[PDB]
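Written below as structure tokens is the structure these notes are about.
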Amino acid sequence: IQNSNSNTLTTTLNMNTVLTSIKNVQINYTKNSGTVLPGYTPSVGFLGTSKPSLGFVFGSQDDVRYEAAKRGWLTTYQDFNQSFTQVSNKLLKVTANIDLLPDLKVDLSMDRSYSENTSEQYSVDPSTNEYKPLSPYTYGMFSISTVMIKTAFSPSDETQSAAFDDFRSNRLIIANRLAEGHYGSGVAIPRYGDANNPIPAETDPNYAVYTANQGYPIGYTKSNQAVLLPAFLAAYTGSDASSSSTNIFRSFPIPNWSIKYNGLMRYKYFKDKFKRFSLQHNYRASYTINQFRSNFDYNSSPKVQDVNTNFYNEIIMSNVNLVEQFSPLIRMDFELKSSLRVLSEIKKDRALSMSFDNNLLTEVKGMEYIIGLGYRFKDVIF
Amino acid sequence: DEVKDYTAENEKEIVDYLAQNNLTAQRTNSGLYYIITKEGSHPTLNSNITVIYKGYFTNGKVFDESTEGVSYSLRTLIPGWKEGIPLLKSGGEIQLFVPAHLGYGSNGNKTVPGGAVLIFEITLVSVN
Amino acid sequence: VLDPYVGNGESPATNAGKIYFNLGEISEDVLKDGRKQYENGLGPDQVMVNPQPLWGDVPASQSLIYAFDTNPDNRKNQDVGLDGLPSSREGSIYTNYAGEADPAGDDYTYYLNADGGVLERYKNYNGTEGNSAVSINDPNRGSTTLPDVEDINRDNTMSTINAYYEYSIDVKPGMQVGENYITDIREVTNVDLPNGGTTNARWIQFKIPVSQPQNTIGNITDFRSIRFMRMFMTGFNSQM
Amino acid sequence: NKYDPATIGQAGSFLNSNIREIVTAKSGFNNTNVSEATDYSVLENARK
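Chains as they are written, first to last, in the deposited numbering: chain A, 1876 to 1892, 1941 to 2305; chain B, 22 to 62, 90 to 176; chain C, 1011 to 1250; chain D, 386 to 433.
And the structure:
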């Protein structure tokens, strides 16, 4: 049996009819869902069925596994290889318009996508007919519109990067915060350099790991994903690591903006040799996790540290992307009364990608200057 | 930064548990309470061990099970095991009363809430 | 091939030798130390192998891209050859020739920057030090822009296996068809020369069957993985 | 088997810590007859 939902909501919310600047608040919310439940023994009728639940036939997405097992219409095979599966997708597309000045138009956008797949095998206990989950796991995608302009114009090249220095520095702050979250301040936080955890001899394989970070907490090294992901986000968003969010996902999208200004022409350019003048600016930034998934190593067993002496993380991903784009950073499009029109445009972008497979930062920067002149010499005689 | 402290609560809970069930447990300077039922014929921080342990809560609800010998590095485990296992030889059995800070911490994980005392019965069968 | 015992610049008849071909897995470790040299990772501020590996400086960092930067200073610090030394620290490793200007014998010279005949000007054209000048207007023109790396198949990995097949041809004044893998000989009598004279020439065609190796070095039993081809000249007494 | 990366050189493994290095990969085996194309292969910048 398969189930699917395609929820969709659209709201214009015309703010019309000091805060009267906002005009329209366009809100789009799409929510797809789906459920695949194999091993469903009973058949269907001529006109259909409502045997699992009347909601499931119309897409309730509520838990029907345990009810189906209790009522006894799940397979009694104890080696069932088919997996119960659930899919969910959320898309939020908030949009707004602001008119702070008569010749100044502002467009704000807020984007948030979250996809989640859960898969699990199952059994039914021969006695009491109880549903038994077996090795459930989760994966999916995440993306949210953010603002990272606080570090956009900081110079970053082969020889210097203030944002990368902040990324280096925030690791210890985030590690200390995570250790205080883990060790509840009732005892001194164990560290790689203290007496209880001394630096081993040069033969021990952990000698290099222990030496590379002596003042860090035992479970939170410089290479821990949970340590350097919030550090990366705080460093390249301009936030302070002492209070920045340590969570993998974000809840509130940060608006991206587009500003148009046909305002300077109103000042004195009516007869100042200008017949057109407009400024344009765009900023769009996104923070994306292409594939996160649950960790089978994060379980109830006493084994809590990996080969790198890092605590196992609940959710693991290979890469995180911070994409920033001024498209354009500026656009001056002005036509003179002498038929000379000039369109200048500065565009900028950053494509930071932090990889936890090798703990490397790949920064792709791009700058583009475009200049366009148009002139018409009048009555040229050959 | 909204941390909790559980040292005193765990200590008093362990004292209450040892009052309810007539067991005498020696105290480690880190707060670990252990009872060695028997020894055999010590494993270090770099040593692979095999255990048939079983771990439960105060109420007796078992949170982790191992009826067959499972191999661990003894350096990847919780601190309570790191302080309890090196106290005995192969074939010996111990009962640990690991607090939160020596266990899964003040935040816990799935099925183990933060600030939970963990009672382990460990039978070390191999130090290979 | 052109017979070197016929023309004007013919070699003496006593200068016989052999040319060997090797087909298969051949070690990319040109300077045998177990480490992959790439000269785009060298420099004064780069981390080297803490004990110096028997041939000069070897970068300790993992190579990413086999490419130089455009900065001339980094190029000067980097384009120093496979030994990793900038011709002034080469005397510490190559102690028997430390009194020379080029102790390692790996300096590069442009063929238009040298003097003498055509062969004299190409004598140091394959040197790995100074062969990647940034500017094409340099009097010592680069002849390449890629750093010299001990990795020839561009798979980022340095192979150290020596399992190959070996073939060999003799180089003698009086070679004829039917032996030495010779299949054809074309004798050219009247060659017009730029100096107004004439010379004799002899072209020899060799066809060495791949399926009949003369020898097998290492453990190679088939031809399904032939990744490297080497040829070397030996046995000669004078310039050939 | 004894090639377990988790038990690299613990008590009776067939692997040393040198198995983690490209330079000393060959010396990373406690075995005797190990070849660089039969028993193992190495890549320095392999792409996922």
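No residue lacks a Cβ here, since even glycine has one placed at the ideal position from N, Cα and C.
In terms of Cα proximity to A/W2180, the closest of A/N2205, A/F1981 and A/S2168 is A/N2205. Residue environment: A/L2283 is assigned as exposed (fewer than 16 neighbouring CB atoms within 10 Å of its CB, all protein chains considered). Judged by pairs of C-beta atoms under 8 Å, the region 2102-2115 of chain A touches the region 151-165 of chain B, as three or more such pairs exist. Taking 9 Å as the Cβ-Cβ cut-off, the region 1163-1185 of chain C approaches chain D at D1165, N1166, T1167, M1168, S1169, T1170, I1171 and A1173, given in chain order. Taking 8 Å as the cut-off, the beta carbon of B/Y54 is found no closer than this to the beta carbon of B/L135. Excluding its 5 nearest sequence neighbours in each direction, B/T159 has C-beta neighbours in its own chain below 7 Å: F111, listed in chain order. For chain B, the residues of the region 2078-2107 of chain A that bring a beta carbon within less than 7 Å of one of its beta carbons are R2100, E2103, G2104, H2105, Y2106 and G2107, in chain order. Look at D/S426: its C-beta is not under 8 Å from any C-beta on chain A. Comparing alpha carbon positions, the residue from C/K1217, C/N1032 and C/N1210 closest to C/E1020 is C/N1210. The three-state secondary structure of D/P390, taken from DSSP, is helix. Annotation for A/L2187: no beta strand (DSSP E) segment contains it, and DSSP assigns it neither H nor E. Its Cα nearest to that of A/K1954, the residue A/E2039 stands out among A/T2018, A/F2003, A/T1887 and A/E2039.
The region 1123-1154 of chain C is shown to contain whole alpha helix (DSSP H) runs of 4 or more residues at 1128-1131, in chain order. Assignment of beta-bridge partners to A/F2065 by DSSP yields A/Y2037 and A/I2212. Only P2128 from the region 2127-2158 of chain A bring a Cβ to less than 9 Å from some Cβ of chain D. D/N430 belongs to the set of residues whose beta carbon lies under 8 Å from a beta carbon in chain C. Per DSSP, the beta-bridge partners of A/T1953 are A/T1883 and A/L2014. The beta-carbon separation of D/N403 and D/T409, rounded to 4 Å, stays under the 8 Å limit for a contact. A Cβ of chain A is located within less than 8 Å of the beta carbon of B/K25.
The region 2262-2269 of chain A and the region 2284-2301 of chain A touch, with no fewer than 3 CB-CB distances between them shorter than 8 Å. With fewer than three CB-CB distances shorter than 8 Å, the region 2071-2091 of chain A does not count as touching the region 119-130 of chain B. The Cβ of B/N43 sits no closer than 8 Å to any Cβ of chain D. Around the CB of C/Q1047, 16 or more other CB atoms lie within 10 Å, so the residue is classed as buried.
Put simply, the backbone Cα of B/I97 is about 32 Å away from that of B/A40. Contact of C/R1045 with chain D is assigned, a C-beta pair being separated by under 8 Å.
When Cβ-Cβ separations below 8 Å define contact, C/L1074 makes contact with chain D. Shortest Cα-Cα distance from D/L428 to any of D/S412, D/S420 and D/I407 involves D/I407. About 6 Å separates the beta carbons of A/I2177 and A/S2068, which is inside the 8 Å limit, making them a contact pair.
Put simply, the CB of D/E421 is near chain C, with a gap under 8 Å to one of its CB atoms. Contact between the region 1028-1037 of chain C and the region 1166-1179 of chain C is present, with at least three C-beta pairs closer than 8 Å. Put simply, the CB of B/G153 is near chain A, with a gap under 8 Å to one of its CB atoms.
For C/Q1088, there is no enclosing beta strand (DSSP E); the enclosing alpha helix (DSSP H) has its first and last residue at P1082 to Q1088. Secondary-structure assignment with DSSP links C/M1241 through a beta bridge to C/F1031.
One alpha carbon belongs to C/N1225, the other to C/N1150, and they sit about 42 Å apart.
The region 1064-1072 of chain C makes no contact with the region 1140-1147 of chain C; the number of CB pairs closer than 8 Å stays below 3. Here C/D1043 is near C/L1064, since their CB atoms are less than 8 Å apart.
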